[PDB]
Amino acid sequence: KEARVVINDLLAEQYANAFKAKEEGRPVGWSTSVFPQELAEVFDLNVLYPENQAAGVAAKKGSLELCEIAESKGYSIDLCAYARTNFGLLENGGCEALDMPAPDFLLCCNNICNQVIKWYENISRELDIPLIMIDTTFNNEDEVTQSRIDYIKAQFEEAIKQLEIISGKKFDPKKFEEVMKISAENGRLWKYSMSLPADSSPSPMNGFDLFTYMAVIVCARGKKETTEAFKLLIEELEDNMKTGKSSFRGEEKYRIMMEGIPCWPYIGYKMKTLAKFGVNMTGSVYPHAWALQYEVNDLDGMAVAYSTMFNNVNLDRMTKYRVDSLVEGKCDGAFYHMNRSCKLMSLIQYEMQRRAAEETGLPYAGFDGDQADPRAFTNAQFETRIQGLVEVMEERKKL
């Protein structure tokens, strides 16, 4: 029984089940990627993820057509490409490469960014469906203020109220505790499995593999099927570590941290190019994104966990995340994706990479791109950029 196969089947099952619910008159939701999924899972609701779908279509080279449809309706090319792909999808009545049913309700949390607020405002208005908002206000202070904790808990309560109406069911505290226990263990398995590259030379996997498995923890964090999927993946990874094997091909000459999400329309090319130079991503911040740890029935801790996702903490803490990933990852360099869609990450990248370089003493380089819009990435430039980083790292190896 192969992990990659179980995982692919599981992901396809989520889409299939949502289509079946649609046919039978049960409500389907669309959700941001770090929303408190526990709440809707208590009601056994089918929830899909527009970011996951856009990344999927982009990898199949189908995002450009959808973006162009959105732009013809008047959406500026400046907006996030996940949003443009999604608006194109709605206008087109779906797509061929990776279809999913329209939503009956929306779940929005701005811990990742504030663009999702405006994005979901538009869907709510145009489809006339309820919008559930969990506003995690940005943390300037090192710690989450009590005021933020209280306000998030109050929004948990409003969310449950609206979900009871949507589902036609009453909140079940007994099923809720069961959901919190499953979600906690899956968070732990995500952080453990994806952190294995750090203390393993060479690493048991190609670094890009993380972004495939990411789809699982995003869309099924509260499912027991996810528990078994990750346990099987862990068995395979640990087996590699013991026999010096990996899905990465060739000699692991250099270890790096890549800042940002991959350019999905070019994922295959990026994998070939790094591997050709003997470069592997062994340090990452993403193992921490969906760890989301809190004690059972502790709503205070759950609020803190969702509030402190690394896109929503001060620049000192953001920087510490990258520094710790490089050091603990035993990395020789850092490689930065200036992602045209993601303003939150892009507008503090200059200061963050200066600090990370000063503290670690490690060299860095970067390239321009986008996670879903193929017009923003240039193959020839990506190649020369990593070649330059490799030359610096090679010279520094000499004693």
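One-based numbering along the sequence shown.
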Mean Cα B-factor comparison, 142 to 150 or 128 to 136, giving the higher one as deposited:
142 to 150
Taking the mean of the C-alpha B-factors per stretch from the entry, tell me the winner out of 376 to 384 and 20 to 28.
20 to 28
Tell me which of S200, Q293, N206, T308 tops the list for C-alpha B factor in the record.
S200
Looking at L237, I123, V304, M257, which one carries the largest C-alpha B-factor according to the PDB entry?
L237
Sorting the chain's CA B-factors, does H337 end up in the lowest, middle or highest third?
lowest
Could you tell me which third, lowest, middle or highest, the C-alpha B-factor of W190 occupies within its chain?
middle
Taking only the Cα B-factors deposited for this chain, tell me whether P363 sits in the lowest, middle or highest third.
highest
Quick check on the deposited entry: does the C-alpha B-factor of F43 sit in the lowest, middle or highest third of its chain?
highest
Lowest, middle or highest third: which one holds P265 when the chain's residues are ordered by CA B-factor from the entry?
lowest
